[PDB]
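Quick notes on the structure that follows.
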Amino acid sequence: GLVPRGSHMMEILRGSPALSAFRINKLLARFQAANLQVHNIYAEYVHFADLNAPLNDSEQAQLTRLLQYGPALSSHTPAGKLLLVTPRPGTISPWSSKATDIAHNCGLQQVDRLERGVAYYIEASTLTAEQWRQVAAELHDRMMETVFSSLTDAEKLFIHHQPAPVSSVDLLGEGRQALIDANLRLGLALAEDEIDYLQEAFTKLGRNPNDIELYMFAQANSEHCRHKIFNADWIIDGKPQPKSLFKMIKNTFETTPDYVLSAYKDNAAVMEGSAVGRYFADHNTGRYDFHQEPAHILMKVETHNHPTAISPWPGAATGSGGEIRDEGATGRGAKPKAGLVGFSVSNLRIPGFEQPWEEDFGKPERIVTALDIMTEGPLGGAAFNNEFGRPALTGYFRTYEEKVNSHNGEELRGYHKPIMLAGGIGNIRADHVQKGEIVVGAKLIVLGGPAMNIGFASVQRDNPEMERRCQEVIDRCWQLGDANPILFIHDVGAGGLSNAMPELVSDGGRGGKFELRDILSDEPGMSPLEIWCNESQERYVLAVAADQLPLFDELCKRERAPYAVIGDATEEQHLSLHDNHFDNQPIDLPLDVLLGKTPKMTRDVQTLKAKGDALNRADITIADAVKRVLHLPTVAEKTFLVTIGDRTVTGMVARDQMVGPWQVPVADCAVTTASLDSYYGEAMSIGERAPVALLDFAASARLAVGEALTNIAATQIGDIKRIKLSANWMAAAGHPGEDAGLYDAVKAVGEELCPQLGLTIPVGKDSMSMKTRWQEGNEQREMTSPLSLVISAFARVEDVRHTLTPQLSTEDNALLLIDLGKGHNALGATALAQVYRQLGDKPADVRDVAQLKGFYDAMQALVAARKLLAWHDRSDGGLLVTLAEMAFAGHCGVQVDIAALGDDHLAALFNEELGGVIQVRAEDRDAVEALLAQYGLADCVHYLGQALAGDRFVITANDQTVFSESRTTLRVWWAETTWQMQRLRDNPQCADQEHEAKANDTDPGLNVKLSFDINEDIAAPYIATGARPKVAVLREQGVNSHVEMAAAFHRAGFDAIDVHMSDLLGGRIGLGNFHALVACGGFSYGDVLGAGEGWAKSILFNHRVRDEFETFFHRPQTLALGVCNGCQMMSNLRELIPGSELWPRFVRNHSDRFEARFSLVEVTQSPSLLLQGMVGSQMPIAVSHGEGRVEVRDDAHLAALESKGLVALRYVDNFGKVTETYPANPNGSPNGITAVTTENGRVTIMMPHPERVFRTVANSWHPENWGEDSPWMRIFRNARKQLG
Ligand SMILES: Nc1ncnc2c1ncn2[C@@H]1O[C@H](COP(=O)(O)OP(=O)(O)O)[C@@H](O)[C@H]1O
Ligand SMILES: [Mg+2]
Ligand SMILES: [Mg+2]
Ligand SMILES: [Mg+2]
C-alpha cells in the first residue's frame, strides 16, 4: 500500500504473525479473568515506510524482502475487529531508528523512516463500548503506545511539525509574578531564593529570560544535579556539625589515598590496575595485537529509581546506558568491561503464589507494581547490557514491604518507588586518566544519536546499538594513545546538553558559542528549550582540536557513529547559543551567572530511634522458618535475573554468578581477567542491608560495608587497601528521623569504619526522595523506604585462578564457621523476622572492627596458600541459608552440629551477623584453625561438621536433631520464586522444564569427554615458521564479540585483521587477499528485522560486496566461520555459499527469552574441517543468544539436512543424550542442532561462542586438571593447520 503522506508517501507493508501459541493463550485467558468474552485473537506485524522519493521495482522488492523476518508462525486470514497498536504519535521507537539504518545501508535512501506496529484481530461479538476500551487497554502499554482503528491512522506517526520558536518570560513587564508563573507552568521546582537569584540576574542584564535559560538553570539546580543535601551544613540534636556528608565521604580518600588515580574529579573513579596485554587493532595496519601496558581500573554505580517506577523497561535500560556512558567518558576516553545490577521493590504478590508475610497496601495509580518492575525491569537492563556488549556479573535483589514500628512509629516501609541500580568497571590507559586542557577554538562535538523530546516525561528510551557505535569511536580514540584526538569528554545525562556542554567548557575554564541548528534532531518541531534540554540517550559531548577534525570524521564514518560539531570553545567564559533558523540567540549568559549558586543549605534535624520489640516466636518453628525464608525473594534463587543477561562477552569473565557443574547462582562476587593474556584481573561485590536501617541507621551502613567485604573475601587480592568502594545512598529526605539517620550512617562509614579498615570510597551517588504518596480511599497513604546504603566493592585481583566458590567438595573435609557476630546472634531486621511480619529487637552490626579486618586478612592468607576448598559468607537467611546454598552448589549433603553457637538454635541459625563458612581439607583443619587464631579469631571460629556425598541436610545439637531434610527438597523450594517468575514472563513449558530438572538428584552436572589431547598444540609447527595467514575478522555496526574472536585466531597463529563492513564498501579491504574469514557475534543493527538479517542483506543488495563474498566462498581453499550473530548472518547468505542449500534459519528461542547459559554440547560427525579430530567430544560452551532456535521449512528439510550429515554440534543433557528439553537445550532447536557445515566442510556456522571460552580461566566451570587451553582452542588450531 502506497498513500500520499504530507510532503512524502507512506507505504504500508503487512508483516508476519506476531504472537506464538502460548502468548495468544495468555491473552485469551486474561480476557476471561476480566469477564471479556473474546472468542479468538490473532496478531500481525505491520510496517510503515515514510518515503521521500519513489522506489522502482527492484528497490520495492528489496524493501519487502527486508521486512520478511521472524519465526514462521501460524498465519491466518484477518477476521474480527482491528486494533492497531503503535508507538505514541510524536515518538520514534528504537526499532525505527535501527530498521531505518538497515534500509539506508541497503542503498534505500528513499526511505525516510520505517516504523512498526502490531495489528490485532479480535473476534468478540458481545462487547459494549467500555468493554472494547478494556480489551484495547490489555493490548498496549499506556505510557509508550496508542491504539488505532485503521492502518491509515499510522500517518499520524510521521507528521512533520514546524520548528517552535523560543519563548521569553516577561519579567520586565510583569515583575516577579512572571517567574512564579513560569515556575509553575514549566515545572521548574525553583525555591524562593532561586527565584530571587534569577530575578536579580536578569534585572541586572536588563532583559527577559528565555524559557530555555530558566529551564537550564532549574535542572542544574535540582536536588538530583546539585546534591544540596550532600553539601549542606548540619545541626544535629542542637549541635552544629563540622563536615558535610560529601566531606565525610572524602575523609576516606584523605585517610587512604593508596592506589587511587582519580576520585571526585570525573564521572567515575580510577584505581591502579595491572600491566597486561591490551588487545586491539592498530590504526595503521588494522591488525590486532597485544600492547603490554597498565590497564587501570575505573568504577561507577548509578541509579534510575524514579523512571523505573513509571516505565520499568526503559527506566532500567537507560539506567545501565547512562552508567556505561559515564565509564566511556572517564578521563580522555575509556572502555567499559563488566557490569552489576541492583533491584529493591515491594512485595511481589505473584498470582497463585502469595506468601504468608505479604499484604496488599495498595499503591498510586500512576506507578507500576513491584511485580511489573521485576518482570520488565530486569529485561530492560539486560537488553542494554546484551546489545551493548558487556557482561552483567553480580547484583542484588531485595523485596520489602511491611507495616513496621520504626523510628517514626507504626508506618508502611517499602519500595513502591524502587531502587534500580546499575554499575560496573572498565579499563583505562594511564595517560588518559586526567582530563586534558581545552584549547581556545576547540571544536565542541555531540557524539551519538539525534535528539527527540524525551527529557510521559519520565518514560525513557534506549538504543544500545547506538551506544555501541559510539563506544567503538571512543575505543579508536584511546587506541591512538598519545594521538588520541579527545581533549575532553563527558556523558550527556540529566539536563541534556543544557547541563553537559556548560559543564564541559566550565571544567576547562573556557566559554562556548553554539549553533542550535547544528545539533542532530529527529523531530523538527522541537523548541530551542526542548532541543537543548531534552534527555535523549546515547549522547556524549567532547572537545577536539580543529586540526584533528578530519581524523575524527574518519573514525566516526567507519563506525557509522553520528556526530556533529555544534560549537567552539572561547576564551571569554560566556555561554552563547545561536539559532540560524529564527536568526536570534536563545541563550546569552556569562557562565558565572548561569552556574552561580544560591546560599548553601543548612539542615537542623533531630534523632529518632525506634525501640524495637522482641520477636514473637509463637508461630515460629525451625522447620517452618526454613521453608518461609527460602521463599523470600531476597534469599531465593535468582536465575531469572541472571540467565537473561550475557555473562561471557569479552572472553574475560572468570567468575560469574552461576557456580559449578550444576550452575547454581550463588557466587559471592564477580571476577574478570585484566586481559586475554593474563591471570591478573578485577573483582566486584555488593553489600547491602536496608531493613536494618529501620532499627539502627549506623548498623545498616556498617553491615553494607562488611558484607561487601565478606562477599569478596575468597578472591586473591592481598592488601585490603586495594579494595575501593562506591557508596550509593537512597533515602526519603525530610521523613522523620531519616535526615539525622543519614548523617549518622555517613559518619559511621566515612569518619569511622572505612578509615579504620583502610577502605576508600572514591565514588558514590545519592537519591533523596525515596517515598511514595497516594490516597487509597478517603485517607492519605505513604510508603517510605528504609535508609538504603548500597556498597559496591571493586578490586584489582592478583590471580583469577584462585577464587573460591560455595561449591562444596565431598573429599575429606571440615566445615568451619567464622562468626563475626561474636555470639550476639541478633534477629532484628532479618529475613526470619520479615518472613513473620516482624522487625524484631536488635539487628546485627560490626561487632569488632579489628576482627573484621583480621578476618579479611586471614582469608587472604588462606586463599593465597590454597588452603580453602570452598567459601560462602553469611547474609540474608543466615547460617541456614549459607549452608544450604553451599549444599546446592556442591550437590551434596551436610552434617553439622551447632551446640557451641548458643542454646537459642533459632537465633544461631537465622542471625545475619557477618562471617561465613569455609570448607578445608580435613588434614588442614588444625593448621587453618591456628592461622585464624593468629588473627585473633579463636573465639569466633567453630567446627561445624562436614560435607558428605548424598542428599541429607542435617543440623544437630549434641544428641538432638535440630533440623533435617532432603537437600533436593530445600533446593527446589529455594527455586520456586524464579520458577514462578519465569513461568509468568517466559514460555511456561520451558520454565517448568528447568524447575523440574532441579528435583532430579541424579543429575551429574556438566561433565566432559574428550576425543583428543586438549594440550596438544597441533598448530605449533606452523606457528614456528613465522608464516601467519590473515583472517578477516568481520564486523558490522552492533557487533561486539570481535576482540576475543581475533584473540582466539591469534593464539592459533593468524594475523587477525579488523574488517568492518564499511571497509568492504569503501574498498579499503578486499576479500581476495584472505584465505580465512570469520563473522563475529553481537547485535548487528540491534537484531532489528531479524538477527543477522540486516547485516546479510546489506551484503546481498550491494552487488559489489555481494560479489566479493560469493567469490570468496567459491574459491577452492578458503575457510569461513560464522559464530552466533555471524552464524545468523551467514545462514541468510545461503545463495552465495556452495553446499548450503540445506541450511536452516535461526529464530526466536522457544523460551521466548535471551539465554545466557553454559551449555553442554557434543561434536557430531560432519565434513567440518574446523571440528577435525573433535568428533565424539562432549564439553560445555558459552551460549548467549535470543534467536538461536534452528527452524526448517518442513520435516522434509530437517530430514534432508540430517541425512546429508551436515550437523556438527548438538546440545546434550548432563546424562549425555541429545535433547530438546530446556535449558539443557537452551533454545529449542530440533535434534539439539546448533552448528552446521557445508558439503565440502570449508564453511561452518554455530550459535555457541567458542571464542569466549578458548581460555580455561574463562570457563564458568571446568575440570581441575585443565591447563591454559580449553577444548575449544582446537577449532582455531584446526583452521591454521588446514591452511598449512
Ligand atoms: N539483580 C540481579 N542481577 C544479576 N545477578 C543478580 C541479581 N541479584 C542477585 N544476583 C546474583 O545472584 C547470586 C545470589 O544473590 P544474593 O543471594 O543476593 O547474593 P549474596 O547473599 O551473596 O549477597 C549472586 O551471584 C548475585 O550476584
Ligand atoms: Mg543471598
Ligand atoms: Mg554472599
Ligand atoms: Mg547480599
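Here, A, B, ... name the chains of the C-alpha cells in the order displayed, residue numbers run from 1 inside each chain, and ligands are numbered from 1 in the same displayed order.
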For this session: Around ligand 4, at most 8 Å away and counting only C-alpha atoms and all ligand atoms, which residues are there? Put them as a ChimeraX atom specification, please.
Result: /A:396,686-689,707-708,711,875-876
For this session: Produce as an MDAnalysis selection string the set of residues near ligand 2, where near means within 8 Å with only C-alpha atoms and all ligand atoms considered.
Result: chainID A and resid 634:636 666 874:877 881:882
Write out the residues from the selection above, keeping N, CA, C and O atoms, as a tab-separated table (two decimals), in the first residue's frame.
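So the final result, stored in out-v3.tsv, reads:
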```
chain	number	residue	atom	x	y	z
A	634	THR	N	14.41	-12.19	48.33
A	634	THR	CA	15.74	-11.69	48.68
A	634	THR	C	16.74	-12.83	48.89
A	634	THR	O	17.93	-12.70	48.60
A	635	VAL	N	16.23	-13.94	49.42
A	635	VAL	CA	17.01	-15.13	49.72
A	635	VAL	C	17.01	-16.13	48.56
A	635	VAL	O	18.06	-16.68	48.20
A	636	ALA	N	15.83	-16.32	47.97
A	636	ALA	CA	15.61	-17.30	46.90
A	636	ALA	C	16.50	-17.24	45.67
A	636	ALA	O	17.09	-16.20	45.38
A	666	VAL	N	25.02	-18.75	42.96
A	666	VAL	CA	25.38	-18.39	44.34
A	666	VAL	C	26.74	-17.75	44.54
A	666	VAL	O	27.16	-17.55	45.67
A	874	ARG	N	27.87	-15.29	55.16
A	874	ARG	CA	26.53	-15.24	55.72
A	874	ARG	C	25.95	-13.86	55.53
A	874	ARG	O	26.61	-12.85	55.79
A	875	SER	N	24.72	-13.83	55.04
A	875	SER	CA	23.98	-12.60	54.81
A	875	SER	C	22.51	-12.96	55.00
A	875	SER	O	22.18	-13.62	55.98
A	876	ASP	N	21.64	-12.55	54.07
A	876	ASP	CA	20.20	-12.85	54.18
A	876	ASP	C	19.96	-14.35	54.39
A	876	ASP	O	20.52	-15.18	53.68
A	877	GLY	N	19.13	-14.68	55.37
A	877	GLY	CA	18.83	-16.07	55.65
A	877	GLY	C	19.75	-16.74	56.65
A	877	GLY	O	19.50	-17.88	57.06
A	881	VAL	N	20.85	-20.56	55.44
A	881	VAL	CA	20.93	-20.32	54.01
A	881	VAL	C	22.35	-20.50	53.47
A	881	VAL	O	22.54	-21.07	52.40
A	882	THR	N	23.35	-20.08	54.24
A	882	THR	CA	24.74	-20.23	53.82
A	882	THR	C	25.05	-21.72	53.58
A	882	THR	O	25.52	-22.10	52.51
```
Near stretch 324-333 of chain A, within 6 Å and counting only C-alpha atoms, which residues show up once chain neighbours fewer than 6 positions away are dropped, as a short mmCIF file (atom, residue, chain, number, x, y, z; two decimals) with C-alpha atoms, in the first residue's frame?
```
data_model
loop_
_atom_site.label_atom_id
_atom_site.label_comp_id
_atom_site.auth_asym_id
_atom_site.auth_seq_id
_atom_site.Cartn_x
_atom_site.Cartn_y
_atom_site.Cartn_z
CA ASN A 267 32.08 10.67 36.16
CA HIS A 432 44.21 9.18 29.60
CA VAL A 433 43.16 9.25 33.26
CA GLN A 434 43.41 13.03 33.66
CA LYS A 435 41.16 15.35 31.63
CA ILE A 474 35.91 6.20 21.79
CA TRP A 478 42.13 5.91 23.19
CA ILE A 486 39.87 13.54 22.56
CA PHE A 488 37.84 16.28 26.93
CA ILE A 489 34.76 14.06 27.05
CA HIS A 490 31.65 13.91 29.21
CA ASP A 491 28.43 11.92 29.11
#
```
Problem set entry | Selection: 7 Å around residue A:278, only C-alpha atoms, excl. self and same-chain fewer than 6 positions, as JSON, numbers by chain | {"A": [290, 291, 292, 293, 675]}
With N, CA, C and O atoms kept, could you save the residues just selected as a PDB file, in the first residue's frame?
```pdb
ATOM      1  N   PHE A 290      48.653  -7.441  20.893  1.00  0.00           N
ATOM      2  CA  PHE A 290      48.705  -7.219  22.335  1.00  0.00           C
ATOM      3  C   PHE A 290      49.642  -6.041  22.591  1.00  0.00           C
ATOM      4  O   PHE A 290      50.702  -5.934  21.969  1.00  0.00           O
ATOM      5  N   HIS A 291      49.243  -5.160  23.500  1.00  0.00           N
ATOM      6  CA  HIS A 291      50.047  -3.999  23.857  1.00  0.00           C
ATOM      7  C   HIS A 291      50.272  -4.082  25.361  1.00  0.00           C
ATOM      8  O   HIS A 291      49.346  -3.858  26.139  1.00  0.00           O
ATOM      9  N   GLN A 292      51.482  -4.468  25.764  1.00  0.00           N
ATOM     10  CA  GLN A 292      51.816  -4.604  27.182  1.00  0.00           C
ATOM     11  C   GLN A 292      51.861  -3.223  27.820  1.00  0.00           C
ATOM     12  O   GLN A 292      52.676  -2.376  27.442  1.00  0.00           O
ATOM     13  N   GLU A 293      50.992  -3.007  28.803  1.00  0.00           N
ATOM     14  CA  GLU A 293      50.899  -1.710  29.471  1.00  0.00           C
ATOM     15  C   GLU A 293      49.913  -1.804  30.627  1.00  0.00           C
ATOM     16  O   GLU A 293      49.143  -2.762  30.713  1.00  0.00           O
ATOM     17  N   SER A 675      43.096  -8.973  31.003  1.00  0.00           N
ATOM     18  CA  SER A 675      43.320  -9.072  29.571  1.00  0.00           C
ATOM     19  C   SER A 675      43.111 -10.513  29.146  1.00  0.00           C
ATOM     20  O   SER A 675      42.821 -11.378  29.971  1.00  0.00           O
TER      21      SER A 675
END
```
Exercise. Please, which residues have at least one atom within 6 Å of an atom of ligand 1, using only C-alpha atoms and all ligand atoms, listed as a PyMOL selection string?
Worked result: chain A and resi 341-343+394-397+635+638+641-642+657+665-668+875-876
Take the residues from that selection and put them in a file with N, CA, C and O atoms, as a PDB file, in the first residue's frame.
```pdb
ATOM      1  N   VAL A 341      24.072  -5.130  38.687  1.00  0.00           N
ATOM      2  CA  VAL A 341      22.682  -4.670  38.689  1.00  0.00           C
ATOM      3  C   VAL A 341      22.050  -4.824  40.065  1.00  0.00           C
ATOM      4  O   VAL A 341      22.306  -5.799  40.752  1.00  0.00           O
ATOM      5  N   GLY A 342      21.208  -3.873  40.452  1.00  0.00           N
ATOM      6  CA  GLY A 342      20.558  -3.962  41.746  1.00  0.00           C
ATOM      7  C   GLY A 342      19.090  -3.592  41.674  1.00  0.00           C
ATOM      8  O   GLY A 342      18.708  -2.687  40.933  1.00  0.00           O
ATOM      9  N   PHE A 343      18.265  -4.281  42.453  1.00  0.00           N
ATOM     10  CA  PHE A 343      16.830  -4.005  42.469  1.00  0.00           C
ATOM     11  C   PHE A 343      16.259  -4.128  43.872  1.00  0.00           C
ATOM     12  O   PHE A 343      16.530  -5.099  44.572  1.00  0.00           O
ATOM     13  N   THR A 394      27.255  -9.503  38.597  1.00  0.00           N
ATOM     14  CA  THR A 394      26.877  -9.537  40.008  1.00  0.00           C
ATOM     15  C   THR A 394      25.759  -8.549  40.275  1.00  0.00           C
ATOM     16  O   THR A 394      25.480  -7.669  39.454  1.00  0.00           O
ATOM     17  N   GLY A 395      25.082  -8.734  41.402  1.00  0.00           N
ATOM     18  CA  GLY A 395      23.998  -7.841  41.743  1.00  0.00           C
ATOM     19  C   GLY A 395      23.252  -8.292  42.979  1.00  0.00           C
ATOM     20  O   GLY A 395      23.672  -9.226  43.668  1.00  0.00           O
ATOM     21  N   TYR A 396      22.159  -7.601  43.276  1.00  0.00           N
ATOM     22  CA  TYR A 396      21.341  -7.947  44.421  1.00  0.00           C
ATOM     23  C   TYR A 396      19.874  -7.710  44.069  1.00  0.00           C
ATOM     24  O   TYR A 396      19.557  -7.008  43.109  1.00  0.00           O
ATOM     25  N   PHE A 397      18.987  -8.330  44.834  1.00  0.00           N
ATOM     26  CA  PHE A 397      17.556  -8.205  44.614  1.00  0.00           C
ATOM     27  C   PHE A 397      16.878  -8.377  45.959  1.00  0.00           C
ATOM     28  O   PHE A 397      16.910  -9.460  46.539  1.00  0.00           O
ATOM     29  N   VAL A 635      16.227 -13.936  49.420  1.00  0.00           N
ATOM     30  CA  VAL A 635      17.008 -15.127  49.717  1.00  0.00           C
ATOM     31  C   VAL A 635      17.011 -16.131  48.562  1.00  0.00           C
ATOM     32  O   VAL A 635      18.062 -16.681  48.201  1.00  0.00           O
ATOM     33  N   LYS A 638      18.077 -16.684  42.185  1.00  0.00           N
ATOM     34  CA  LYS A 638      17.960 -15.528  41.285  1.00  0.00           C
ATOM     35  C   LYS A 638      18.131 -15.803  39.783  1.00  0.00           C
ATOM     36  O   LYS A 638      18.413 -14.880  39.021  1.00  0.00           O
ATOM     37  N   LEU A 641      17.091 -13.420  36.939  1.00  0.00           N
ATOM     38  CA  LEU A 641      17.817 -12.155  36.841  1.00  0.00           C
ATOM     39  C   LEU A 641      19.216 -12.371  36.271  1.00  0.00           C
ATOM     40  O   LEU A 641      19.886 -11.416  35.865  1.00  0.00           O
ATOM     41  N   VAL A 642      19.627 -13.635  36.200  1.00  0.00           N
ATOM     42  CA  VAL A 642      20.965 -13.991  35.751  1.00  0.00           C
ATOM     43  C   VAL A 642      21.108 -14.484  34.310  1.00  0.00           C
ATOM     44  O   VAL A 642      21.954 -13.989  33.564  1.00  0.00           O
ATOM     45  N   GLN A 657      27.974 -15.449  38.220  1.00  0.00           N
ATOM     46  CA  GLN A 657      27.029 -15.882  39.249  1.00  0.00           C
ATOM     47  C   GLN A 657      26.789 -17.391  39.329  1.00  0.00           C
ATOM     48  O   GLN A 657      26.628 -17.938  40.425  1.00  0.00           O
ATOM     49  N   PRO A 665      23.250 -20.260  40.833  1.00  0.00           N
ATOM     50  CA  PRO A 665      23.547 -18.828  41.004  1.00  0.00           C
ATOM     51  C   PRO A 665      23.834 -18.415  42.448  1.00  0.00           C
ATOM     52  O   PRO A 665      22.991 -17.776  43.081  1.00  0.00           O
ATOM     53  N   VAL A 666      25.021 -18.751  42.960  1.00  0.00           N
ATOM     54  CA  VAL A 666      25.375 -18.395  44.337  1.00  0.00           C
ATOM     55  C   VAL A 666      26.743 -17.750  44.536  1.00  0.00           C
ATOM     56  O   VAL A 666      27.155 -17.550  45.672  1.00  0.00           O
ATOM     57  N   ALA A 667      27.444 -17.415  43.453  1.00  0.00           N
ATOM     58  CA  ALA A 667      28.765 -16.790  43.593  1.00  0.00           C
ATOM     59  C   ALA A 667      28.661 -15.496  44.401  1.00  0.00           C
ATOM     60  O   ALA A 667      27.762 -14.685  44.181  1.00  0.00           O
ATOM     61  N   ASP A 668      29.558 -15.325  45.367  1.00  0.00           N
ATOM     62  CA  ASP A 668      29.533 -14.139  46.218  1.00  0.00           C
ATOM     63  C   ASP A 668      30.083 -12.875  45.573  1.00  0.00           C
ATOM     64  O   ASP A 668      29.776 -11.757  46.003  1.00  0.00           O
ATOM     65  N   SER A 875      24.718 -13.830  55.036  1.00  0.00           N
ATOM     66  CA  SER A 875      23.984 -12.596  54.814  1.00  0.00           C
ATOM     67  C   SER A 875      22.508 -12.957  55.002  1.00  0.00           C
ATOM     68  O   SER A 875      22.176 -13.623  55.984  1.00  0.00           O
ATOM     69  N   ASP A 876      21.640 -12.554  54.074  1.00  0.00           N
ATOM     70  CA  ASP A 876      20.204 -12.855  54.176  1.00  0.00           C
ATOM     71  C   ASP A 876      19.965 -14.346  54.394  1.00  0.00           C
ATOM     72  O   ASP A 876      20.524 -15.176  53.681  1.00  0.00           O
TER      73      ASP A 876
END
```
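Using only C-alpha atoms, the smallest distance between any of A:927, A:127, A:1088, A:833 and residue A:862 comes from A:927.
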Exercise. If you run DSSP on the backbone, which residues of stretch 291-526 of chain A are alpha helix (DSSP H), as a PyMOL selection string?
Worked result: chain A and resi 305-310+312-328+370-388+464-478+497-507
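Among A:353, A:871, A:1266, A:1012, the residue with the shortest atom-to-atom distance to ligand 3, counting only C-alpha atoms and all ligand atoms, is A:871.
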